[PDB]
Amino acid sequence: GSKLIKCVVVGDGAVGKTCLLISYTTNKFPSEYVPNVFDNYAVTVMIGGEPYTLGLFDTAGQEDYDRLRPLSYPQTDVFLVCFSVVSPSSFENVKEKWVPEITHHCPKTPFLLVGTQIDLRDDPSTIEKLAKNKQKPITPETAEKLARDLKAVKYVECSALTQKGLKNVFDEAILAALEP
């Protein structure tokens, strides 16, 4: 592709950002280990008989990197604002941290609101340790509302483990980057 689409994956630590891009670009969840490789997440896609290079960039979600992270934001065409549906603190940090941050540095850039680790919704162990507080997993209807409220283009769910909604997340990412 002679045309390059910069998509930057953003969101809290331990929401499944890294595993997302590995699962999508290699068709293999990195359950074993992540090798210390140069990432270079770049998929060629044909769209209306025109080749496109989709450029994916991982980010460090932690507060410690709040001033370094935006150095990667320039020239960005679409954001995946990511949160784990079994981590409501990651969901509550979408409104409070991530959507403000991208509208500050890239105000005109569209962003998908992306649910991750949906397989752990129907997981025995992780429900009851979550149920040990008020905490309950995030429903797709709750997150579709926050998407509308925060002027997101769409809400999309996926599991990097089962690759369920995985291909759709990135399909809709190019569609956001071409729509007006």
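Start at 1 and count along the sequence shown; that's the residue number.
- Judged by mean Cα B factor in the deposited record, 150-158 ranks above the other of 65-73 and 150-158.
- As listed in the deposited structure, the average C-alpha B-factor of 110-118 and of 129-137 is greater for 129-137.
- Looking at 56, 37, 47, 60, the one whose CA carries the top B-factor in the deposited record is 47.
- In the deposited entry, the Cα temperature factor of residue 166 sits in the top third of values across the chain's modelled residues.
- For residue 178, the recorded CA temperature factor ranks within the highest third of the chain's modelled residues.
- When all modelled residues of the chain are sorted by CA temperature factor, residue 92 is found within the highest third.
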